[PDB]
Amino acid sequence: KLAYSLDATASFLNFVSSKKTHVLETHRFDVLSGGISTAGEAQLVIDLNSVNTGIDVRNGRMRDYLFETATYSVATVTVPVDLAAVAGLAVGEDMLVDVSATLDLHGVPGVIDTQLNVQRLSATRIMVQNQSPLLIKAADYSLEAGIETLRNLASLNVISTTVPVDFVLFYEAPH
């Protein structure tokens, strides 16, 4: 079934908000899962209820009014992968992989065309990370209404609708 499992505790995915005059804050999802099937389909499942902004009231507002987690508990990324290309990586070697990754977020699947860095760490372990800075536009996933609700709740003049995302994921073959 699975050629690789996500090492959930070693892996992270962060996103960055900006409010007011460039007050940047990096937030995280504390719970990720995933794997790569023997049919060559890599998946990352992001637990939207695990959002961590450092502020409990804010976290609650993001769950309820932004992601609407009672409807959308998770966001799922799916990426076809060449398992032979990954297998052929020497220990320590990297490769760039151009992907059309599907992101299912907030009830709107969309494609992220980006480049990933894949590096082999051991006979069983690989590290996968965004090669380049990666931006998500809220409006692409019908999240701009959510951001406006957050802005109003916090009495802010402006919150940016463009959100950088960074991740470092570790996938492990069966040992």
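Start at 1 and count along the sequence shown; that's the residue number.
Looking at mean Cα B-factors across 165-173 and 1-9, the upper value is held by 1-9. For the two regions 13-21 and 154-162, the entry's Cα B-factors average higher over 13-21.
Taking only the listed residues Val128, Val111, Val51, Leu66, the entry reports the highest CA temperature factor at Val111.
Considering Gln119, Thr26, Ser132, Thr38 together, the PDB entry gives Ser132 the largest C-alpha B factor.
Residue-level temperature factors show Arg58 in the lowest third of its chain, judged at the C-alpha atom.
Per-chain ranking of the deposited C-alpha B factor places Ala70 in the middle third.
Among the modelled residues of its chain, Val97 has a C-alpha B-factor that falls in the highest third according to the deposited record. The PDB entry assigns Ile136 a C-alpha temperature factor belonging to the highest third of its chain's modelled residues.
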